[PDB]
Protein chains: 2
Amino acid sequence: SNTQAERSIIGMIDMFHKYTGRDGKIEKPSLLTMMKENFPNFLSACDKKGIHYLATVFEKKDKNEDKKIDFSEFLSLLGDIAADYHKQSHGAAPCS
Amino acid sequence: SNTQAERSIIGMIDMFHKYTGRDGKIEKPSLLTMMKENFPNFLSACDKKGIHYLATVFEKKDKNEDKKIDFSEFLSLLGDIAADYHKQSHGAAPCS
Ligand SMILES: [Ca+2]
Ligand SMILES: [Ca+2]
Ligand SMILES: [Cl-]
Ligand SMILES: [Cl-]
Ligand SMILES: [Zn+2]
Ligand SMILES: [Zn+2]
Ligand SMILES: [Zn+2]
Ligand SMILES: [Zn+2]
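Its PDB header attributes the entry to X-ray crystallography and lists the resolution as 1.70 Å.

Student: Where do I start with the overall build of chain A in this structure?
Tutor: Counting secondary structure elements, chain A contains five helices and zero strands. Order of helices (α) and strands (β) in chain A, N terminus to C terminus: α-α-α-α-α. Relative to the globule expectation of 12 Å for 96 residues, the C-alpha radius of gyration of chain A, 14 Å, shows essentially globular dimensions. Restricting to contacts in chain A with at least 6 residues of sequence separation, those with at least 24 account for 51%.

Student: Would you mind going over the coordination of the zinc ion (ligand 5) with me for this structure?
Tutor: In an ideal tetrahedron of four donors about a metal, each angle is 109.5 degrees. In an ideal octahedron of six donors, the angles are 90 or 180 degrees. Within the first shell, the zinc ion (ligand 5) binds the protein through A:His17 (NE2), B:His86 (NE2) and B:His90 (NE2), at distances of 2.0 to 2.1 Å. Of this pair, A:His17 sits in helix α1 (residues 4–19) while B:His86 sits in helix α5 (residues 71–89), which puts the two residues in different chains. Judged by its relative accessible area of 30%, A:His17 falls in the partly exposed class. Judged by relative accessible area, B:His86 falls into the buried class, the value being 15%.

Student: Even after reading the chapter, I still don't get the coordination of the zinc ion (ligand 7), so can you show me in this structure?
Tutor: The protein atoms that coordinate the zinc ion (ligand 7) are A:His86 (NE2), A:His90 (NE2) and B:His17 (NE2), at distances spanning 2.0 to 2.1 Å. Take A:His90: its relative accessible area is 57%, and that puts it in the exposed class.

Student: Just checking my understanding: could you explain the relation of the copies chain A and chain B for this structure?
Tutor: What connects the two chain copies is a rotation about an axis and a shift along it. Between the two copies, chain A and chain B, the superposition gives an RMSD of 0.0 Å; the rotation angle is 180 degrees and the shift along the axis is 0.0 Å. Here the copies are linked by what is in effect a two-fold axis. Minimal C-alpha separation from the rotation axis in chain A is found for A:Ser8, amounting to 2.9 Å. With an isologous cut-off of 70% or more, the 100% of interface residues of chain A that recur at the interface of chain B puts this contact in the isologous class.

Student: Would you mind showing me how to read the packing of α1(A) against α5(B) here?
Tutor: Angle between the axes and distance between the axes are the two parameters that describe a pair of packed helices. Packing of α1(A) against α5(B) brings their axes to within 9 Å, and their N-to-C directions diverge by 60 degrees. For the element pair α1(A) / α5(B), the angle class is oblique. α1(A) and α5(B) meet at a crossing whose hand is right-handed. From α1(A), A:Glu6, A:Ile9, A:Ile10, A:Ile13, A:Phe16 and A:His17 reach across to α5(B), where they touch B:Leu78, B:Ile81, B:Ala82, B:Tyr85, B:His86 and B:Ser89. Here the residues of the contact of α1(A) with α5(B) are counted per class, giving eight nonpolar, three polar and one charged.

Student: Help me understand the side chain of A:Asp70, please; the structure alone is not making it clear to me.
Tutor: Residue and element names in this part refer to chain A. Positionally, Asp-70 belongs in the loop between α4 (57–61) and α5 (71–89). This buried residue, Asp-70, is left without a salt bridge; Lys-25 holds the nearest opposite charge, at 5.2 Å. Engagement of the side chain of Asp-70 in a polar contact is seen with the side chain of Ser-72, the distance being 2.8 Å. Setting aside its immediate chain neighbours within four residues, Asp-70 contacts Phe-16, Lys-25 and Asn-64.

Student: I keep staring at the pattern of salt bridges and nothing clicks. Help me out?
Tutor: Opposite charge on two side chains permits pairing when their charged atoms draw close. Under the definition given, this model contains twelve salt bridges over all chains. Taking the shortest distance from any N to any O, the salt bridge between B:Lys68 and B:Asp23 comes out at 3.0 Å. Note that B:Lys68 is positioned in the loop between α4 (57–61) and α5 and B:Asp23 in the loop between α1 (4–19) and α2 (28–38), a separation of 45 residues in sequence. B:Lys28 is the partner of B:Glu59 in a salt bridge, and the nearest nitrogen-oxygen pair spans 2.8 Å. Placement of B:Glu59 in helix α4 and of B:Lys28 in helix α2 is noted, with a sequence separation of 31 residues between them. Exposure remark for B:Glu59: the relative accessible area of 35% places this residue in the partly exposed category. Linked through salt bridges whose partners overlap, the residues forming this network are A:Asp23, A:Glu27 and A:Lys68.

Student: Honestly, the state of the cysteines in this entry has me stumped. Any pointers?
Tutor: A disulfide bridge is the covalent bond that connects two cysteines by way of their sulfur atoms. All names here are of chain A. What the rule picks out here adds up to two disulfides over all chains. The partner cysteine of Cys-46 in its disulfide is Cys-95, sulfur to sulfur 2.1 Å. Across the S-S bond of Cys-46 and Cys-95 the torsion is about 95 degrees, and the bridge reads as right-handed. In this pair, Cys-46 is assigned in helix α3 (residues 40–48) and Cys-95 in the segment after α5, connecting sequence segments 49 residues apart. The exposure classification of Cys-46 matches that of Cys-95, with both residues buried.

Procedures and definitions
Residues numbered from 1 in each chain as written, not as in the entry; some residues may be left out. Chains lettered and ligands numbered in written order. Heavy atoms only, no water. Helix = DSSP H or I, 4+ residues; strand = E, 2+ residues; numbered from the N terminus. Rg over C-alpha atoms; globule rule 2.2 N^0.38 Å. Contact = heavy atoms within 4.5 Å. Donors = N, O, S within 2.8 Å, 3.2 Å for Na, K, Ca; no water. Buried < 20%, exposed > 50% of the residue type's maximum accessible area, 1.4 Å probe, protein only. Least-squares fit on C-alpha atoms. Axes fitted to C-alpha atoms, helices over the stretch in contact; angles between N-to-C directions. Parallel < 35°, antiparallel > 145°, perpendicular 65-115°, else oblique. Left-handed = near helix turned anticlockwise from the far one by under 90°. Nonpolar A, V, L, I, M, F, W, Y, C, P; charged D, E, K, R; others polar. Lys, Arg positive; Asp, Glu negative; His and termini not counted. Salt bridge = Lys/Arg side-chain N within 4 Å of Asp/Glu carboxyl O. Polar contact = N/O pair within 3.5 Å; in protein donor to acceptor, adjacent residues only side chain to side chain. Disulfide = S-S within 2.5 Å.

Next comes the structure, spelled out in structure tokens:
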């Protein structure tokens, strides 16, 4: 009944919920597990480029500095990953 | 080799590319076809709420007013759809 694009959006909300606490936001250790579980090939390409994405991702995406990642900040992180994959689709090297 | 989350991101880039012109941006008639093809259940829920999402989506998401939707603006639209589905996941009515 749902399209592939709709199930994809629903899958990202289901993913977010695997990592949220009772406040519906993601703490730092949880974010890093989410990245390692769901974006391992993304992370691996950075580490080759000499980049430890995990060292800064929490602090960079915690825009309101409340030491949580909320849904809006989580979407911003997915956007970032999407931008990298789009660049790759055009012959760019991973994690630039 | 790619995770489900990675294939989902790749699927959204593949979707974007179904609708772009030679300049790598999406014109209005194309955006509306993309919505109707990929988010029909989203759109249907709006039309019930008396909302014609298609009447304004192009103009609302064309942030730089160049009459194209570029990748960054397309991600912003997916974010919007994601926000609605997240709200739904918490008992909110579709298209609020
Ligand atoms: Ca925050
Ligand atoms: Ca534009
Ligand atoms: Cl939540
Ligand atoms: Cl493009
Ligand atoms: Zn939630
Ligand atoms: Zn696992
Ligand atoms: Zn492209
Ligand atoms: Zn079709």
